[PDB]
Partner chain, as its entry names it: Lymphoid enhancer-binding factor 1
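Listed next as structure tokens is one chain, alone, in the form deposited without the partner chain.
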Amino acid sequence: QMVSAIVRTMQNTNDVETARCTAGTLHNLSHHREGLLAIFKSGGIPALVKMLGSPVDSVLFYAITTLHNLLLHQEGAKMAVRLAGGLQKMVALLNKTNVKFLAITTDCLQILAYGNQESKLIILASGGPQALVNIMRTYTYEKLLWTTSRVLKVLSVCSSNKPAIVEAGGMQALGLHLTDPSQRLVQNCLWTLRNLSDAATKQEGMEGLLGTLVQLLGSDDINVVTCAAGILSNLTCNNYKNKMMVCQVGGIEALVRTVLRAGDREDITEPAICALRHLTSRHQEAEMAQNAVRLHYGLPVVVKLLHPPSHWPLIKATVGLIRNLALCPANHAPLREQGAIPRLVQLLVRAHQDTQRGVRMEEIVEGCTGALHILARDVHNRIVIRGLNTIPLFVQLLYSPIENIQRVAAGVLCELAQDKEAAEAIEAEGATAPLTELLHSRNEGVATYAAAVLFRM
């Protein structure tokens, strides 16, 4: 009756002092497993949530705290808060300016959003993303940045909240804190950054973030290194401006050092190698990046990654990187001396067999043949490639249902056919027929390569 009276009292008065004292009591009662029941039983949650609209900060503070306590301990308070319209009221409170108050509020949101897609969608509809991002760009209070970064991390895996957080300028905002002395704050920002950076729209003002990510690759903390490598990989995929910036701040050396120190830890090498693959292609300084991998002692370890214990994702990425490295003439000989060709060929042969009987082996087929196509620009490499009895296989790939495989197969044959002895071997393999057909390929690259092979023979 008392608690019930207290709730009603609070939930009715218009005189602010009746609010302070009532809220205070409920608060004080929530310190014990009992009060978390008196309030809950007496329908306090809907009343408290109602007080989240109070004009008296003193009130708001008391209500959000009691709610926080119930949310933390009281079984069944999270669904009750949701039902009462708690989420909308809390997001609306994110425009307040008291950091202790904001820390309690954002923490309630984290507790409610975690493992609950429904709440994540409501936070989004209520404007949660922009409001959380503004907090990261405004305050310095660690407890608040941390709690807010946790709400962002929870929303960052939602296909709907993700693009909204990115649009609100979230990645740049999170980037501001990557050198904060608070490790828990840095790591949460990196985890959120990794989820958001995957397939995000192109952003402006990413310079600082990119420079800091490269520096973090040298960290002794594995989780920091793994995240920095993953973010760099995501942000450089088909983004020539980011590739340029990353290369300009020493990204190639840093990444190579990272792969070297990673050893067989694929959680680090796989993304670092994908980043290197992005940085060694299609941007103004790609050639320079191709040379830089060599110059910083990267060729031997890149080839080594093609061998066990490497798993498929890593091998796929590594093959892709070698393909780009081979575009640089000065890497032709060293890649050959380091043994890239026979391993690429063994991978190709085995991968093809599987297709004739996660990463799809068709991707490895295309990948290796593609790398061989580029390596074949060098005469000594053509001798090695040919000496490994690859021609019969390349010709067989002409019959592939996949156009891209048809393309690199015709392309590597095209390079090989520039040497008369090879042209005869290719013809002896009965490549004329399949090549002829491919002349009418809707895929212009295929058609164009088929024609060049036919000419050379």
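Numbering follows the first chain given and starts at 1.
In this entry, residue 357 is separated from residue 358 by 10 or more residues of the deposited sequence that have no coordinates. Averaged over Cα atoms, the B-factor as recorded in the entry is higher for 235 to 243 than for the other of 148 to 156 and 235 to 243. As recorded in the PDB entry, 71 to 79 is the stretch of 129 to 137 and 71 to 79 with the greater mean C-alpha temperature factor. The PDB entry gives the largest Cα B-factor of the residues 366, 220, 118, 180 to 220. Of the residues listed, 56, 393, 422, 405, the entry assigns the biggest Cα temperature factor to 56. For residue 52, the recorded CA temperature factor ranks within the highest third of the chain's modelled residues. Residue 427: CA B factor lies in the middle third for its chain, per the PDB record. Among all modelled residues in this chain, the alpha-carbon of residue 373 has a temperature factor (C-alpha) in the lowest third. When the modelled residues of the chain are ordered by their C-alpha B factor, residue 107 lands in the middle third. In this PDB entry, residue 64 carries a Cα temperature factor that places it within the highest third of its chain's modelled residues.
The same protein has a further form, the form deposited with the partner chain bound, not shown here; the description that follows concerns it.
Scanning 197, 369, 331, 318 against the partner chain in the entry with it bound with a 4.5 Å heavy atom cut-off leaves one residue, 197. Among residues of the shown chain, residue 69 is one whose heavy atoms approach the partner chain to within 4.5 Å in the entry with it bound.
Interface residue remark: residue 343 is not counted as part of the site for the partner chain in the entry with it bound, having no heavy atom within 4.5 Å. In the entry with it bound, the partner chain sits beyond 4.5 Å of every heavy atom of residue 203. The closest non-hydrogen atom of residue 141 lies within 4.5 Å of the partner chain in the entry with it bound. Shown without its partner, the chain has 230, 233, 234, 236, 237, 238, 243 in segment 217 to 249 as residues with a non-hydrogen atom within 4.5 angstroms of the partner chain in the entry with it bound. Two rigid parts rotate against each other between this form and the one not shown, and the hinge linking them lies at 201 among 309, 181, 220, 201. In the entry with it bound, the CA atoms of residue 199 and residue 324 move farther apart by at least 3 angstroms compared with the shown structure. Relative to what is shown, residue 199 and residue 314 are farther apart in the entry with it bound; their C-alpha atoms differ in spacing by at least 3 Å.
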